[PDB]
Amino acid sequence: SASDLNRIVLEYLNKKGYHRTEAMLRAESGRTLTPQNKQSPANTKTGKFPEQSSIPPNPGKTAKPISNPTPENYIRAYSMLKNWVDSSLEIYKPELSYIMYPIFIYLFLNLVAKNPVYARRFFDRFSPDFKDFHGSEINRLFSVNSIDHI
Amino acid sequence: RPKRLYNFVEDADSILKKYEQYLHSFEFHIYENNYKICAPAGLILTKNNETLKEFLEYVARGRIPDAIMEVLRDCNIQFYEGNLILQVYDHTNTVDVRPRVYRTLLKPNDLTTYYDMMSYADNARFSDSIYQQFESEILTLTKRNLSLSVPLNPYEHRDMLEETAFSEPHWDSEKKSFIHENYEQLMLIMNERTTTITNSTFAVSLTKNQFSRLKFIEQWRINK
Amino acid sequence: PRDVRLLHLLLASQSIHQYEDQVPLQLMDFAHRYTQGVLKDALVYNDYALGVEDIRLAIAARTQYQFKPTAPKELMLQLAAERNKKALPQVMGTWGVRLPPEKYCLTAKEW
Amino acid sequence: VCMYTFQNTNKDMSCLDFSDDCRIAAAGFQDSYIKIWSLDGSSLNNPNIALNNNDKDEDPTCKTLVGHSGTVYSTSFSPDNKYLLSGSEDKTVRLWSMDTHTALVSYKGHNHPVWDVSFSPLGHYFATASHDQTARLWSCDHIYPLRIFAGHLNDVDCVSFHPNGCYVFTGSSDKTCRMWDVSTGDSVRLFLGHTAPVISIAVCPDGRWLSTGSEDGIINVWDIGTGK
Amino acid sequence: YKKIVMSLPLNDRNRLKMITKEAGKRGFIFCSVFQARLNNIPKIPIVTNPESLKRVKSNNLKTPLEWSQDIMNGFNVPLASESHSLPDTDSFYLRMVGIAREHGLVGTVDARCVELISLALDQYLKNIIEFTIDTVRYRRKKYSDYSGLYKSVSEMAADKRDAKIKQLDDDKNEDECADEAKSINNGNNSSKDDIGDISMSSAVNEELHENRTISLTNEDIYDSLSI
Amino acid sequence: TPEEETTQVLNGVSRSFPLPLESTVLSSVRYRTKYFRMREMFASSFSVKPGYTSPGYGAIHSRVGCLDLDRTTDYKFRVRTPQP
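Residues numbered from 1 in each chain as written, not as in the entry; some residues may be left out. Chains lettered and ligands numbered in written order. Part of a larger assembly, values for the part shown. Heavy atoms only, no water.

- The name that the PDB entry assigns to chain F is SAGA-associated factor 73, with the source organism given as Saccharomyces cerevisiae.
- The title given for this PDB entry is "cryo-EM structure of transcription coactivator SAGA".

- Labelled according to the PDB entry, chain D appears under the name Transcription initiation factor TFIID subunit 5, originating from Saccharomyces cerevisiae.

## Some words on the overall build of chain F
- From N to C terminus, chain F includes 2 helices and 0 strands.
- Its C-alpha atoms give chain F a radius of gyration of 23 Å, clearly above 12 Å, the size a compact globule of 84 residues would have.
- Viewed in the frame of its principal axes, chain F has a C-alpha envelope of about 70 × 35 × 25 Å.
- Taking all 84 residues of chain F together, 42% fall into the buried category.
- Of the contacts formed within chain F by residues at least 6 apart in sequence, a portion of 37% connects residues at least 24 apart.
- With an accessible surface of roughly 4200 Å², chain F has 53% of that area assigned to carbon and sulfur atoms.
- When the 12 positive and 8 negative side-chain charges of chain F are each reduced to one mean point, those points stand 22 Å apart. (Helix = DSSP H or I, 4+ residues; strand = E, 2+ residues; numbered from the N terminus. Rg over C-alpha atoms; globule rule 2.2 N^0.38 Å. Buried < 20%, exposed > 50% of the residue type's maximum accessible area, 1.4 Å probe, protein only. Contact = heavy atoms within 4.5 Å. Areas by Shrake-Rupley, 256 points an atom, 1.4 Å probe, with all protein chains shown as cover. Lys, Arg positive; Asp, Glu negative; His and termini not counted. Charge placed at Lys NZ, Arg CZ, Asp CG, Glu CD.)

## Regarding the environment of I46 of chain E
- By secondary structure assignment, the location of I46 of chain E is in the loop between helix 3 (32–40) and helix 4 (50–58).
- On a C-alpha basis, the gap between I46 of chain E and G104 of chain E in space is 8.7 Å, while along the polypeptide they are 58 residues apart.
- In contact with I46 of chain E, other than residues within four places in its own chain, are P64 of chain E together with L67, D68 and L69 of chain F.

## What to know about the nonpolar core
- Grouped together as the largest cluster of nonpolar side chains are 59 residues, with contacts concentrated most on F26, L72, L84 and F134 of chain B together with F42 of chain F.
- Setting aside residues up to four positions removed in sequence, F42 of chain F forms contacts with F26, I37, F55, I68, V71 and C75 of chain B.
- Grouped together as the second largest cluster of nonpolar side chains are 34 residues, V105, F126, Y144 and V168 of chain D included. (Core = buried A, V, L, I, M, F, W, Y, C linked by side-chain atoms within 4.5 Å.)

## Some words on the pattern of salt bridges
- Counted under the stated rule, the structure contains 44 salt bridges over all chains.
- We note a salt bridge from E163 of chain B to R125 of chain A, for which the minimum N-O separation is 3.1 Å. With one member in each of two chains, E163 of chain B in the loop between helix 5 (128–142) and strand 6 (170–171) and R125 of chain A in helix 5 (residues 116–125) form a pair that bridges those chains.
- Here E53 of chain C makes a salt bridge to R56 of chain C, at a shortest N to O gap of 3.9 Å. Taken together, the residues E53 of chain C and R56 of chain C, both in helix 3 (residues 52–60) and 3 residues apart, mark about one turn of the helix. (Salt bridge = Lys/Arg side-chain N within 4 Å of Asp/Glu carboxyl O.)

## A look at the interface of chain E and chain F
- The interface of chain E with chain F comprises 56 residues on the first partner and 49 residues on the second.
- Interface of chain E and chain F: buried area, both sides summed, is about 4800 Å²; carbon and sulfur atoms make up 62% of it.
- Looking only at chain E, the three residues that lose the most surface to chain F are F28, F75 and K172 of chain E, adding up to 13% of its buried area.
- In this structure, the connection of chain E to chain F is made through 3 salt bridges.
- Among the ionic pairs, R37 of chain F bridges to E82 of chain E, the shortest N-O distance being 2.6 Å.
- The tally of links from chain E across to chain F stands at 19 residue pairs in polar contact.
- When contributions to the side of chain E that touches chain F are tallied by element, the ones reaching two or more residues are helix 1 (4–7), helix 2 (12–18), helix 3, helix 4, helix 5 (64–75), helix 6 (80–83), helix 7 (89–103) and helix 10 (172–179) of chain E.
- With 7 residues, helix 3 of chain E is the single largest residue contributor to the side of chain E that touches chain F.
- Among the residues making up the side of chain E that touches chain F, the classes are represented as 27 nonpolar, 13 polar and 16 charged. (Buried area = accessible area lost by both parts, 1.4 Å probe. Polar contact = N/O pair within 3.5 Å; in protein donor to acceptor, adjacent residues only side chain to side chain. Nonpolar A, V, L, I, M, F, W, Y, C, P; charged D, E, K, R; others polar.)

## Comments concerning the interface of chain C and chain E
- Contacts between chain C and chain E engage 20 residues on the former and 22 residues on the latter.
- Roughly 1700 Å² of surface becomes buried between chain C and chain E when both sides are summed, with 58% attributable to carbon and sulfur atoms.
- Of all residues in chain C, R2, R5 and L79 of chain C give up the largest surface area on contact with chain E, accounting jointly for 28% of the area buried on that side.
- One can count 0 salt bridges joining chain C with chain E.
- Secondary structure elements with two or more residues in the side of chain C that touches chain E: helix 1 (2–13) and helix 4 (73–83) of chain C.
- For the side of chain C that touches chain E, a count of residues per class yields 11 nonpolar, 3 polar and 6 charged.

## As for the sheet that holds strand 11 (residues 134–139) of chain D
- If you walk across this open sheet you meet the 4 strands as 9-10-11-12 (chain D), and the pairing is antiparallel. Looking at strand neighbours, the two that pair on one side only are strand 9 (114–118) and strand 12 (142–150) of chain D, the edges of this open sheet. Neighbour-to-neighbour, the strand axes of the sheet open up by a mean angle of 25 degrees, direction not taken into account.
- When strand 10 (residues 127–130) of chain D meets strand 11 of chain D, the two strands line up antiparallel, connected through 2 bridges. Bridge pairing in strand 11 of chain D links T128 of chain D to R136 of chain D.
- Set on the sheet, helix 4 of chain C makes contact with strand 11 and strand 12 of chain D; between it and strand 12 of chain D the angle comes to about 130 degrees. (Pairing = 2+ DSSP bridges. Axes fitted to C-alpha atoms, helices over the stretch in contact; angles between N-to-C directions.)

## Re the packing of aromatic side chains
- Within this structure, the stated rule accounts for 44 aromatic pairs over all chains.
- Consider the rings of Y19 of chain B and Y22 of chain B, whose centres lie 4.9 Å apart with planes at 55 degrees: the pair is tilted.
- Classification of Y19 of chain B as buried rests on a relative accessible area of 10%.
- Aromatic ring contacts, followed pair by pair, group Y78, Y101, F104, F108, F122, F123, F126, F130 and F142 of chain A into a single cluster.
- A cation over a ring is seen here: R158 of chain B above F166 of chain B, with NZ or CZ 4.7 Å from the ring centre.
- The ring of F17 of chain F is capped by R26 of chain E, whose NZ or CZ atom sits 4.6 Å from the centre of that ring. (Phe/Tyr/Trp six-rings, centres within 6.5 Å; stacked < 30°, edge-to-face > 60°. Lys NZ or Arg CZ within 6 Å of the ring centre and 35° of its normal.)

## What about the packing of helix 1 (residues 2–15) of chain A against helix 5 of chain B?
- With their axes 11 Å apart at the nearest point, helix 1 of chain A and helix 5 of chain B run at an angle of 50 degrees to one another. In terms of orientation, helix 1 of chain A lies oblique with respect to helix 5 of chain B. For the element pair helix 1 of chain A and helix 5 of chain B, the recorded crossing hand is right-handed. Contacts from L5, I8, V9, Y12 and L13 of chain A of helix 1 of chain A reach helix 5 of chain B at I130, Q133, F134, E137, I138, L141 and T142 of chain B.
- Residues that form the contact of helix 1 of chain A with helix 5 of chain B fall into these classes: 9 nonpolar, 2 polar and 1 charged. (Parallel < 35°, antiparallel > 145°, perpendicular 65-115°, else oblique. Left-handed = near helix turned anticlockwise from the far one by under 90°.)

This is how it looks when you write it as structure tokens:
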């Protein structure tokens, strides 16, 4: 009784408005398996986090499973390195304590040129940890808030 | 392993853009103070009623009403991948040299498949599991375009993430806090129309105990 | 009793091999009350106009308010379509659990 | 496998769940409690340095939660792990704070008993299974539902999301399960082939394969593209 | 097999009966799609039986061309959800004659059962409204032999829909009162059945800046918003 | 022998399935009337294009039931369908 179901399917597609080539290609698309996505759990090299954009989800803007193949702001991209060097009182601690300052300074100076309020978040988030190590230079960097402030 | 690269459309705008330069399915007209729902080629013309005021709530939401399915199968109109193309003509804002043409798409629901199966049940007399298998096969062949791909989960990679991307409860001083949020009717009292003497006779007797004529004359002249 | 072991065979016919003792007693005391009410309403409906259509009227009188309704999928589909007209609201984007407003939560209440 | 065996429950403990970091266990009883166990033997009193009073009470490292009036049939932990979501046979789903041990919100949208509550992957909004043959989509800030998932023949037993939180999977007692669009509400997949009530469902972290188990002791896997 | 101890103390008449049952005893239906179809369709009574034909021809009852018009005119009544008032005698009469033509009754509907239906609706809604009224308030002067003004909300007619659940028809109406009567605070209830769309937040499109004036589908929904 | 008797008794109990004599389909007034009204509008609107006949009766013009004057307790009946 499955060949009769196949005939009922073909007549349903013919009456619901699928061309013969279109119905043949939708049948061939329905038969083949879903291929392999190599970024299957989204490995952390080529995978991204979901957007926190305050909208509800929508499964549109999306192609088929049958076909073969398959901004990132500065505060989290610095906090990754900050926690990675902060989880270690090992033999390699004070070299990371050395190199943690100019990456923060250059990220702040590259972020004041694009977004000022994210830069004001980023400066005061990681301010009071090396003030005693780097003097009044961060107090000198209070008055930078624009491109012309640089 | 797939054999070819397929191009299937499951949106509204992309299906409409694919199916321009094609003959439409419906033909709806907005005249002044009255409407007409005809076929592309006795087609009725409606007053401002409440069936149309509920059909218009199914075209600002681009879906077919569940009631129409069987009669669409009766009326031999063209479907387009399960959808049908409503071509609206606003004659109030016409231009001179043709009215304002809109071309919208209406999309099937679960209700449209259920009513199509209920109207299949008239002359077929199938069981329930045949409808289950038929619905499963059609939901396979007509619902492509699935977003099945997983991103990173932010709750396991907490150490490589900003600290205030999450919202946990905090303890304040002695409590804790979550995150929230007349005259015209007098002058026409006896103005009730009577079609004929026989109908008046029957109306006064039972209380104590369209252009059909022209069509009849035309068909009787045809029969001779 | 004959119907205790007939209920044993009925329960075993639907693959129910573990049960307690008073479960066929409860099934028999359900079936007694149901058949007595049905036959009393059918005696009323036969004094009105026994037969099988009389029993059909007496069991259609009480199908309408107690047991599982029949083919409720299209009414539920219509009702779902009335609820699934509204698009989804705007969600928080701070990756947690957001509560309702404080009057719609079980906290600002008193005894 | 580390096995947690609960001893003095006289057949009146329904399905339980563990949190993530495995510090809290939640068990729903047939007499309308939620029992909360600290799996580390911790205090589970959340002093937070206040230390006011009340060492006179008996804390056996276990807290009880009394807000339901029916039997708790399911229970689900947030990925945040600070809130608990308990679904009962009284026709509510309640929310509990795991750091003050009280109820916060009652969620009333069902008229039959609730059988399977489950949070989202990202903790946004939870889906619910019940005896009325419909699944319901919710949100933790809204008292009443957001979507109704209707289309099954018998009642819905299990519920689960896709790991992106974008589809819903419901298995039901009429030997089938379905994949629902979370926005338009209508079913996208219907998976046929079982011979018993589907009782537990789970979708792989790849996302391309769905697995579920019935009451016939047979697990099976489909792929969501082909559906077979 | 293994049920020799149990299937044997059944008596010989019972076992000789129960080695005979089968499937094919009935003439019923069980496909629920087909049951919903037959509950959905409108049906008109026809005649094939000759004795009933002479019985319906004697009592001057008409051919099915009048009963089909009576089906349509009983359906075309402005039923009481749309009018927001309890129905009147002509609406009752037309709906009941349409229902009686649906079931098969080709006779005439009496003029006193309409008033009986009226008093039935009276006492039904009075029971429901009274057992919603005495729950938001404790009337101290009533219910005794020696505060202000309250409006009953839909959440209250859901709350005493369940504390006293016996008072209902248990049909569609109670299902919708349980399922859809409670609204979340972004529900947009005071509306015109269409303004909860997403495009009514994003700007009315203007007109006729084109020789052929074919427009887009985002303008058609603004066109239908006005009506 | 009790063995063939027991297996045929278990064969008898495995073949008996009950149906209900009266089942009331859960439906509505309003969805039924609105289904009828929309189907009447879109049935009066278009044409049929028959092979030999069209469905419907006087002022229905759709798929209409054929319940008899008698046998009102029957569970099924005929419907109208355009026959070529």
